[PDB]
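Encoded as structure tokens, the structure appears first; notes follow it.
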Amino acid sequence: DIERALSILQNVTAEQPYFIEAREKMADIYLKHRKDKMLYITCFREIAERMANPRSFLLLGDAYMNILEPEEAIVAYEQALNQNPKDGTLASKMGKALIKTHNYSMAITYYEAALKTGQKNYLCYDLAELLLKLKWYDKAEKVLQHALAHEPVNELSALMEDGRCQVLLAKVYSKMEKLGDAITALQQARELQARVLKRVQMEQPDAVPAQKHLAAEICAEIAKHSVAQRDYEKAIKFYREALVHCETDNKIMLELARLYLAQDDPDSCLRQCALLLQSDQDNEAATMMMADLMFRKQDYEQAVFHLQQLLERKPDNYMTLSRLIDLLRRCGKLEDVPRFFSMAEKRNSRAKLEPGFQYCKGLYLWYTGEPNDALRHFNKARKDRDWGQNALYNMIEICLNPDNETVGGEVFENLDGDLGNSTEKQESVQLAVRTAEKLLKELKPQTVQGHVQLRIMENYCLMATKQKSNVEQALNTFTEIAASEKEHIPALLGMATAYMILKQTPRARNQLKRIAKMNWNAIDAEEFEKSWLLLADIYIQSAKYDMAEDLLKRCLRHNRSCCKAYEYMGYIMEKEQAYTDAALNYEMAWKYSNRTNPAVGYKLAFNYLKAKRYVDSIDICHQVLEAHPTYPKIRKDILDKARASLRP
Amino acid sequence: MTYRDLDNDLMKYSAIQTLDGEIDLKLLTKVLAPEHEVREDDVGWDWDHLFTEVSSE
Amino acid sequence: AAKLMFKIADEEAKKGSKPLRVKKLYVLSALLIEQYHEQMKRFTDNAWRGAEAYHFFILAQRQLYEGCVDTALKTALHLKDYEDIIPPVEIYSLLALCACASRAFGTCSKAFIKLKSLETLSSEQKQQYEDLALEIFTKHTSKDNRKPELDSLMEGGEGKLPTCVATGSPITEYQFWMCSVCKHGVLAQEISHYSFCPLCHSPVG
């Protein structure tokens, strides 16, 4: 009976009580049932005309916001706020509408007037987060310092308010790089928060979990600032304090797990992972951190299986997928991957369009042996803030080194000359090098470590030019970085590679031995694996093959997929006249080239010929001619001598 | 393929993703159906066929 | 038959299916509602509503790909009426996009306020839309540098002009062509471009 409702509400007029609610109901009915915004607005203008007061003007503002007319909403909030200047809720609703209408100076000055009149706790946050989102972090800093310029008030509310103002000033000081002041502000918040707790326990005990959690979060931020100051022991201490406040907060558990990891306690890290997984089984970071610890403990089957279980809970998960892909690369079990792409596609038909899928797919093709398809799939990801940033680094790897060679390795850079002496290979490769600098210009850094890794890879582009001034500049940046950080593996590999290109091979040799003594880690892993291969080449130049074999096998122990680790080892087995074990290495290199390495194709057929396996040799001579028609030498020497033996 | 040859995957769509070289809209662009499925023709429909076609997809 | 065809058109809309497939599904239903009305000789009373919704949603995207972003904006403004059929996310995303490309950043602000209000969104999604809105607002403004005026009809008090199915804009003509099947109007100039009705694909007459 909509007309019974409207006629009753219309029978409430300017001289009667509750006319505001009656006209709001008329407005609401006309918007719901007649779809009429003008009947809604005229009912609301009747409220403004007949019953002008601060609450009716506030409600009129909110009505105009539901109607998407914020200018009349601001007129309504003005008609309220000039009458009740004490209401911080109205001043904040005023602030919201002024922000939605670019009236930022009015919002700022209303919040300043509310703060100067001593209004409620959150107004420091409203003004600070506004100024922060406007990137005026310095204005927020000065505002929060001015909001703390009083002698600290001993009231339980004011202690907690000043504690939150101090926490918020520390959150701003983080963006100011003022991390010591952030610690002092957080310790001053911890001092205030102790005074809060020692009254709350006696006069407000129902607030204890929230106030303990705020004390935990203060201790967590003190710990974060101490990580940025490289005092990881203070970081463990103040995250242990954050646990002593709250033993079961997901981020505090995960962060002390990260620090038990970072300070080489994998057992206490596994305790925090197990507790976190018991508190929530679907915590992806705890599963992946636990899987990495299983991988470090060589429980690779568990590391895989826990990421597989997490993908069977969450099929569309590009972090867990890309972690599982590298576990399967390091195990040498790449054939298991396509299942997990199909699971994402089955859950989400659009998954193929997503930059994290495109990043995971781009990684796979680089490991199967298709650098062009890897580049195509990385390129589709490349602008994304996570997946595109990580794709760009792998595009730069391919654009620097598309054949994945030891740059300056004498066992193979003295070969390939029928292509390597051509302008076609030279100019196309050097264009890829000179445009890897543009991929590096797309890697905008957000940390000093990001700037250093960026500068190193720009200097890897400068090395890869082989122009002497560029290679000397690269050596100089690498030696400058190594002088600032004597263990910085990507710079030490830079020094060695530049020295090899400069023919200063004795200076390269010691700077690689320097790396070879260090323990491996998952971040420097590729530069470790490259450095061991470049040092193994230099050891083959020295003919001391035993140290090369050790480096090649150490490389395979950290990553069983490495085709170059096998291809160098197969060459040593052929030098040692072990044509069978050479054929085993060449069979892996044939397989993991996706049969695109016809030089290994020749070697594999030739080693089968010498092993008195003439049918197997002829099988491979067909596979080489299939892989490449008109490929030189093989037909006459291998294929026709294997045929000629076949019945003697 | 060069870097420029790959960048063709992004070059055309950038004009819908981006405004004045200052703003990026990609979060909103997730709603868009692709141009070749959004295009329409001056071609007629009949109920038997239109039902058969919609049933065949 | 119309009710079951509408049930499919509703589910396939809510899946986020191909927009033109969903236009075809509501057109199949509307033609069955017309066949039930023919058999006489509030789902009963509004036959073409879902066909209009997906038609104007496709037309706004066509006008965006055509670079005609102010026409895309007018068509996307007309979609405000169809929140019962097309989820508000798609409407106000496409409206915010066309408003931003048009430099109607106040109309874009309207669409962003409408988006953030949605109770189906996470705080993360609300924040992501706010981040984009504030990026636009800080880099240009949160106000219209160029103004659409179609809200002059969409407030409903003065009534509404019929939106042309060929263009997604209100018909200002005093008298004009109307489709003998779906009974929507088209501008007497624009109908000359077509052999079949842009909404229902019936032959023009």
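Numbers here mean position along the shown chain, with the first residue as 1.
Quick check of the header: electron microscopy, 3.5 Å.
Every residue gets a Cβ built from N, Cα and C, even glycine.
Database features, via Swiss-Prot:
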type   : residues  : note
REPEAT : A:54-87   : repeat 'TPR 9'
REPEAT : A:89-121  : repeat 'TPR 10'
REPEAT : A:123-154 : repeat 'TPR 11'
REPEAT : A:163-196 : repeat 'TPR 12'
REPEAT : A:216-249 : repeat 'TPR 13'
REPEAT : A:251-283 : repeat 'TPR 14'
REPEAT : A:284-317 : repeat 'TPR 15'
REPEAT : A:355-388 : repeat 'TPR 16'
REPEAT : A:529-562 : repeat 'TPR 17'
REPEAT : A:564-596 : repeat 'TPR 18'
REPEAT : A:598-631 : repeat 'TPR 19'
Counted with DSSP (H/G/I as helix, E/B as strand, rest coil), the repeat 'TPR 14' (A:251-283) has 26 helix, 0 strand, 7 coil
The DSSP breakdown of the repeat 'TPR 17' (A:529-562) into helix, strand and coil residues is 27 helix, 0 strand, 7 coil
DSSP tally for the repeat 'TPR 15' (A:284-317), helix/strand/coil in that order, comes to 27 helix, 0 strand, 7 coil
Lying 6 or more residues past either end of the repeat 'TPR 9' (A:54-87) yet within Cβ distance under 8 Å of it, the residues of that chain are 20, 24, 27, 37, 40-41, 44, 47-48, 93-94, 97-98, 100-101, 103, 110, 113, 117, 119
Contact set of the repeat 'TPR 18' (A:564-596) with the rest of its chain, CB cutoff 8 A exclusive, min separation 6+ beyond the ends, reads 368-370, 404-406, 411, 533, 536-537, 540, 545, 548-549, 552-553, 555-556, 603-604, 607-608, 610-611, 620, 623, 627
What DSSP reports for the repeat 'TPR 12' (A:163-196) is 31 helix, 0 strand, 3 coil
